[PDB]
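The structure's right below; bear with me while I get my questions together.
Letters A, B, C, D, E, F, G, H, I, J, K, L, M and N mark the chains as written, and numbering starts fresh at 1 in each.
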C-alpha cells in the first residue's frame, strides 16, 4: 500500500537573494518547494501526497460542495460525495537550508597573437533538509540534508588580428550555460526523498 | 459530460524579478496564472471552470441579487434565479515553480574590414507545476511539472569603412526578438493541462 | 433588452513596472481597467454596467438618502426614491494578464558623408483576459485572451559635415511616437468585449 | 433646479510616477481630483456638489454641533440648525485612467558656423474617466473617457564663435514651457463634465 | 459678528516630492496647510477658527479638566469652567491640488573675452482648492482654486582672462533666490480665503 | 499667577528631509519641538507647562504609585500623595509649518595669480506656527507664524603658485559655519511664545 | 534620603541619520538614552532609578515569582518576597532634541616643495532636553536644554619629492579622532542631570 | 535511552547581510538553523528531536486525523492512532550570535617580467550559541558559544609578455574557493552539540 | 548558593548599521546580546540564568508536557515532572548603548624607490550598559557602562621598480585584521558582569 | 524648483571638470607674449 | 542647507580631479626660469 | 566574505580599464626588435 | 560628522586618481638631472 | 570599521586606475639604459 504523506510547507530558509544586476527582491532559490517535493513524492511510487498547501482552498471548495447539495435538490449524477479529508500518517517537513553562491569559481584564458579563448565556471551549492515526522507522536522519524552543486560555465573565443596591411578581422564566439536552480533544487529534493524512502525502509517503517 | 473544475490560485512561487534596467518590483513572470490556466481549461473541451478567483465578488453580487428580489416586487422578467454555487469535483492547484534567466546564452559575431555582423541568443526557462486534487478526499490525484524555454535573440549588422579618401559610410541594421514570457507561460500551462487530461484519462478518471 | 453586467475589478495582474529612467513604482500598465472595461461595455450597445467598483460609496450615499428622507419631512419634490440595487445576471471578471516590453525591437540607421538618418522601433505586447461569469451558478460562461501590440518608433536625421574650409554645419531633426499603453489596453479590452458579445450570441446567451 | 451630485473619490488609477531626476514617489498626476471635479461641477451651473470627501469631518462637526446645543443652553442666535445631510440623486465616480509620458516627442536643431538653435517638444497624454451613476438603482447612467495632451517645449539658441583672433564670444538664450499636469487634468475633467451634462440632457435626464 | 469656522484638514493632495539632490521623501509642498489656513482665517477679521486639528488633544485635556474638578475639591479660583465645544456653522475643506515644477524655465547667458554673466529662472506653480461647506446640509457652499507661481532665479558673473603674460585673474559673483514654497502656499491660501470671503458676501451668506 | 499650559505635540509638518549626501530619512528639522516649546514656555516666567507629552508614562507611574500605597502599608514618609492631574486653561498647539532650503544662496570668489579666496552663503528658512487654544470652548485664541533664517557660510583661501623655478607652494585655509537648525527652531519658537504672550496681554487674557 | 526617580523613555527626537558612506538607517545619535540617563542618575548620589524601561519584563518576572510561590511549596529560603513596585515621586522625561552635523568645519593645509601637511576639524552639536515632572500633579517642575559639541579632527602629512635624479621618496602620516557621539551624549546628559539637581535644590525640592 | 529534545527556533541574531554586489536583503548566514541543529541532534545518537518548528502544521494535521476517524467509519487498517504529542525533558534554544566578515584578510602577489601570480584569502567568523534548558524548571542547564572560521581563498596567475617582435601571448589561470557558510554553520552547530552532550554527561545529566 | 538571574532582553539600542559596501540593513553590532550575556552569567560561577528569552517556547513545551501526561497513561519512566518556573531574585536588563565607528583612525606609509609599505588602523568603540534590577521592588540595584575598543589594522608592502633595462618586478604582500565586534561585545559584557558581581559583593548583596 | 548657488571654477567652489575647459579657453584667448 | 568644509587640493584633502587643472594653471603662470 | 573569480584581462573576462595599463606595461618590457 | 582616515597616495591606500596629478606635480618640481 | 584587504596593483587584484600612475612612477625612476 502507498503511504499518505502531508507536505504543508517546504520553506526557503536560505535567506539569500540574487546579486547585481538582478533585482534586490529576486531570491536565489525558487520559493516553490512543497511543489517540487509533492511532485517528488508523487513520482516516487511510495507516497500519495495530500494537499495541505492550498488546504484553505480545498476547505472553501468543500463548503461550496456541502452548501450546493445539502438541500437534496442537486441532480443525483453531478452531486459530489464528500467522504472526509484523508489524513497522513507521516508528514514531510523541510526547508532549503542554504544557498552558497560561487563555492568554487575558476577560469583559464589563453590568447596568442590575435586568437584567444577563455573558459569560466562557477559552482553554487544548494542544500535541502527533509524531515519525516511522525504525526501520531510528533517525533522526527528521519532528517536528511542533501546538497547539490549548480554549475554555470562560459566559453568564449575571439580574433582581433590584422589580415592585410589595413584590413582588420574581428570575430567572437561565445557560449554560456547556467544550470537552473530549480532543476538542481528538484534534484536535491529527489535525492532527499530517495534517502527518506530508503531510511524508512531500513528501519521498521514503510 | 464536461467536468467542473475549480481553480482558486496558481501562485507565482518563482520568487524572481527582472534584472536591471527593469524595475526592482517588476516580476520575471506574470502574476496572472489562474487566468491563463482557467482559459486553458475552458479552451480544452474537457472542463468547465468555476470562478473561485473572484468568488468574493460573486458572493457580493449574489447578495445584491438576493436582496433585490426578496421582496417579490422585481419585474418577473428581469429577476435572476440563483440556483446554488456550482461545485467542482476536482480542483487544479499549481504554481509557477521556477524562472531561470539565461539558462543558455550565446552569440557569434564576425567583422571583416568595415562590414560586421553578430547574433546573440538567450534562453530563459519557466516551469509550471499543476496538481489535480480530489476535493472529496483531498488526495492529489496528479501532479505534473512542465518546462518551457523562452528564446530571446538579436541580430545586428553594420558598416563603418571609408568609401573614398575622406568619405565615411556608416550603417547599421538591427533586429531583436524576445519571446513573451506570458506566451511561454501560457504554452507551459497548456502543455500541463494536456498532461493532466491524458493522465486522468489513462487511469480511471475523466 | 440590454443585459445588466457587474464589473467589480479588472486587476493588473501583469506584475510589471517600467524600466529606468522611469520610477521603480511606475507600473507598465494603467491600474485603470474596470473603467476602460465599464466604458467598453457601456459603449457597446449590449450592456448596462452596474457600479460594483465604488459600491461602498454608493451604499454610503444610499445610507445618506435613506436617513435624509426617513422622517417624511423632505420636500416631496427633492426626495430620492431608492428602488433597490439593480443586480446583474452576468459578471465580467478579468485581468491584464501580461505586459511584455520589447517583444520585437529593431532599427536601421545609415550615414553617408555627414548626412545620416536612423529609424528605431519597439513593440510591446499587452494581453487582457476577460471572463463572462454566470452569477446564478458561478460557472465561467466564457473566457477570452486578447493581445495587442504597442508600437513605439523613432526617426532621426542629422548633418555634421563642413560646408567651407572652417565652416561647420550641424543639424538634427528628430521624431518619436510612443503608442499609449492606455489606448492599446482600451483596444484590447474593446476587442475582448466584442469577442465576449459574439460568443454569447453564438451559443444560446444574449 | 440644480442637481445635487455626490463626488466621493476620483482616484488616480494611472499607476504612474515621475521619471528621474524626480523622486520615485512623485506621482505623474495630482492625487487631487475630486477637488478639480467638485470645482468643475460647481462652476458648471448645473450641479450642487455635496461634500462626501471629508464626510467624516462633517459628521464629527455635526456631532460637535449636536452635543453643543442638546442642552438647550446655547444662545439662541448662535445655535446651528442641523437639518439633515442633503443627499444626491446622481453620483459622479471616476478616475484618472491613464498618463502616458512622451506619446510624441520631437525636435529640430540647426547650427551654422557658431550660431545655432534648437527646439524640442514632448506631448504627454492624460485620460480621465467620469461615470454618472444612478444612486437609486446603482446603474451607470453614463461614462465618458476624456483625453488631454500636455505639451512641454523648449527653445534654445547659442553662439560660440570667435570674433577676433583670440576673442571668443559665447552666448546662450533658453526658454522652456511645461504645461501643468494639474491644468491639463482640470481641462480633461471640465471637458468630461461638459460631456456628462450634454449626455444627461440628450437622453431624458437633467 | 465673527463666523466660527472649523478647519479639519487641508491635505497635500499634490502627490509631488522633490527631485534630486533632495531626498526621495521630501515633499515639494509643506504638509502644513490647516495651519496656514487657520492662520489666514484668523488674520482675516471675519472668522474665528475652532481647533478640529488637534481635537483629540483638546478632548483628552477636557477629560483631564473634567476629572480634576469633578470632586469639588479644586481651589475655586483655578478651576476651569468647561462650557461645551464651540461648533462651526461653516467648514473649510480643501487641499493643495497641485504642484508643478518648472512650468516655465529660462535663462540668458553671454560671455565676451573672459568676462561673462548669466541669468536663470524657474517658475513652479502651486494650486490650492478651498471649499466652504455648509455643515447643516453638507452642501458645498463655495469652492475656489487659487494658483501661485514660485519664482526661483539665479544670476552669476565671472572673469577668467589673463591680465599679464603669465598672470591669470579668476573671479566669480553669484546670487540665487528661491521663493519659499511655504510663503507662496500661504499667499495662495490667503487669496483663496479672500475669494471665499467675497463670495460668501456676494451671495447671501456672511 | 502663572498660567498652566498643556503642550501635547508640536508636529514637524514641514515634510522636508535633508538632501544628498545626508540620509534619505534624515529630516531637515528636529522632531523635537514640544520640548523646545515646553522649555520656551517654562523659561518665560508666564507659564507652567503640564506634561501631556509623556502623559501615558505619567499615568502608568501614577498607577504604580496608586497600587503601591493602596494597602496602607507603605512607610508614611515615602508615600506619594497623588492629588489629581493638574489641568490647563489654555493649550498651545502648533507645528513647524515649513523648511525652505536655500531661500537665498550666494557667493563671491576672486583669484589673482596664485592667491585666491572665496565666500559662500546659504540661507534656509524655518517657519513655526503656534496656536493658543481655549480649552473651555475649543476656540483658537491666537495663532502666530514666526519665521527664522538659518545662515550657513563658508570662507576659503588658497595659494598654488610657484616660489622658485621648480618649487611649488600650495596652501589652503578654510572655515565653515552652519547655523544649527535646532538653535534657529528654538529661536523661532521663543519669538512665537513672546508673540503669544504679548497678544494674550494685549487683549483681555493673561 | 535618596529620591526615587522613574525614567521611562528618553527618545531620540533628533530625526537625524548619518550621511554617506554610512547606512541610510544608521542614526546620528544612539537610541540608548534612558540608559545613559538612568546611569547618570544612579551615579549621581541623589537618585535611585526605578526600572520603568523594561517594566513589562519586570511584571512578567513578578508573575513568574508570584506563580512559583503561591502554592506554599517553594523552599522557604529561595522564595522571593515581592513587596510592591516602588514608585517615584518625580519622573525624568526628556529627549535628544537635536543633532547638527558640522556646525563648524574648518581646515588649514600647507605644502612646500614636496613636504606638506594639513589639519581638518568638524564640530557636531548634540542637544538634550531633560524635564523633571511632578508625578502627583503632572506639572513640569524643571526643564533644561544642554548642548555639547562633538569635535572630529584629522591631521595628515606627506612627502612626494625626489631625493636623487630618478629616486622618488613618498611618505604619509595620518591621524584622525572622532569624538564618540555616545560619550558626548553621556556628557550632555550628565550636565543636564547636574542642572536638574542644582535646580531642585535651589527651589524648595530635593 | 535516547533523550527527547525540543528545538523550537535557532534564530539568526547576527543582524548581518551580505555586502555589495550581493542584494541588500541577502543575509550573511542561512536562516535555517533549527534544521541544521535538529539534524545535528538526530545524527548524534543521543537525542530524538520533536518537531516544535512546524508544530502548527502538526496540530492541523492532527485535527484532520482526528476529524477523519471520529465517526468510526474509517477503514480499520488506515486509521491513525494519535497517542499524544511526545514531550521533551530538555529544550535546545540558541542563536547564530555573530557573523564577522573578513576577520583576517590577506594576500601575496608577485610578478616578474610578464609572468605573475597572486593569492588572496579572507576569513569570516560565525559564532553559534546553544543553550540546553530544563523544561521542568526553566533553568538554563548549559550554554556554549562555538566559533568557526570560514576561509575563502583565490589564486590567480597570468602571462602578458611578448614572445616575438610583434607577437603578444596573454594567459590567465584562476581559481577561487569560498567555504560555504551553511557548511561552517553546520560545523559550528555540530561542535556545539558535541559540547552540550559532553557537558550533560560530565555533570549528572544524560 | 548561586543566584538565579533572569535576562529577558539586552537590546541593541545603538541604532548603527554598517557603512558601504556593507548592506544598509547590516547592523554594526550583533543583535545577539542576551545570549552573550546569559553565557557570561553562566560562565561566571555566581549565577544560574533562567530562560526568559524563549519563555514562550518554554511555556508551549510545558503545555505539551502537561497535556501529554494529564491522562495518567504516559509510561511512568518517561513522564516529565513539571515543578514550576523557577524565578529570579534579580534581573539583568541592559543594552548595547553605543557603537562608534572610527573613534581613532590613523596610518603611516612610506615608499622609497620602488619599495614601499604602509600601515593603517581604525578603532571602533562599543559600549554596553548592564543594570541589575531588584525584582521585589523594581529598584535598579546597579548600573554599569562598559566600553571596549575594536582595533582593525592593515599592513601592506609592495615593489614596483625595474630590475633590468626592460624587466619590471612587481610584488605585494598584504595583511588585514578586523577584531570581531562579537568578540569585543562579549568582552564588554564579561567586564560588565564582573563589575556587577563585584558591586553586588561590595554592598550587601550576593 | 530649488536653485542653489555653485561656483563655476574648480578654484574656490568645487566642480573640477570645468577647470580643464576654463584654462584652455583662457589660453585660446591669451594674446600676451614675452 | 548644511555646508561642510572640503579641501580644494587633492594634496591634503581628497578631491583628485582638481589637481590636473591646478598644476596646469600654476604652470600657465610660472614665470620662473633657470 | 564571498570571493568571485574575475579575469584581470579585458581580453576574455570583462574589466576593460585594465587593458590600457596591461599593454603599456607589456610594451615597457618589450625587449624585442626587428 | 564622522571622519575616516584615507591615504592620499594611490600607492599604499586606495584612491588612484590622485597619482596622475601627484607624479606630474613631483616632476614639475624635479630639479635633478644626470 | 571593517577593513578588507585589496591589492594596489591592477595586475593581480582588481583596481585598474592605479596602474596608469604605477607604470609612470616606475618609469620616472627607471635608471636603466641599453
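Here is the rule we use: contacts are C-beta pairs under 8 Å (C-beta built on N, C-alpha and C of every residue); 3 or more make two chains touch, one makes a residue touch a chain.
Student: What is the size of the turn, to the nearest 5°, that moves the C-alpha atoms of subunit L onto the matching ones in subunit N?
Tutor: The rotation relating subunit L to subunit N comes to 40 degrees.
Student: If contact pairs are compared by residue number, which of F-J, F-K or G-N agrees with H-L in over half of them?
Tutor: F-K
Student: Looking only at C-beta pairs that count as contacts, which pair of chains has more of them, H-L or F-J?
Tutor: Most contacts of the two pairs: H-L.
Student: How many angstrom lie between the CA centroids of subunit G and subunit L, rounded to a whole number?
Tutor: Centres of subunit G and subunit L (C-alpha means) sit 52 Å apart.
Student: So the centre of each chain is just the mean of its C-alpha atoms; given that, what is the distance between subunit D and subunit F in Å?
Tutor: 37
Student: Rounded to the nearest whole Å, what is the centre-to-centre distance of subunit C and subunit F, using the mean of the C-alpha atoms as each centre?
Tutor: 50
Student: Considering subunit I alone, which of its residues make contact with at least two other chains?
Tutor: Those would be 4, 18-20, 22-26, 52, 55, 84-86, 101-102, 105-107, 109, 111, 113, 116, 118, 120, 122, 156, 158, 165-168, 170, 172, 174-178.
Student: Identify all positions of subunit K at which a residue touches two or more other chains, and write them in rising order.
Tutor: 1-9, 11-13, 17, 20, 22-23, 25, 28-30
Student: Of all possible chain pairs, which ones touch?
Tutor: Those chain pairs satisfying the definition are A-B, A-H, A-L, B-C, C-D, D-E, D-J, E-F, E-J, E-K, F-G, F-J, F-K, F-M, G-I, G-K, G-M, G-N, H-I, H-L, H-N, I-L, I-M, I-N, J-K, K-M, L-N, M-N.
Student: Residue numbers of subunit M touching subunit I in their complex, please.
Tutor: These residues of subunit M touch subunit I: 2-5, 7, 9, 11-13.
Student: Please name which positions on subunit C make contact with subunit B in the complex.
Tutor: These residues of subunit C touch subunit B: 1, 4, 6, 8-9, 13-20, 22-26, 28, 52, 55, 84-89, 91, 93-98, 100-113, 116, 118, 125, 127, 129, 131, 133, 135-140, 142-145.
Student: Touching residues of subunit E toward subunit F in the complex: what are they?
Tutor: It comes out as residues 4, 12, 20-27, 29-32, 35-36, 38-39, 42-43, 48-55, 57-58, 60-62, 64-65, 67-69, 71, 74, 78, 80-86, 164, 166-183, 185-186.
Student: Which residues of subunit A touch subunit L in their complex?
Tutor: On the subunit A side, the touching residues are 101-102, 105-107, 109, 111, 116-118, 120, 122, 156, 158.
Student: Once bound in the complex, which stretches of subunit I touch subunit L?
Tutor: Interface residues on subunit I, with respect to subunit L: 165-168.
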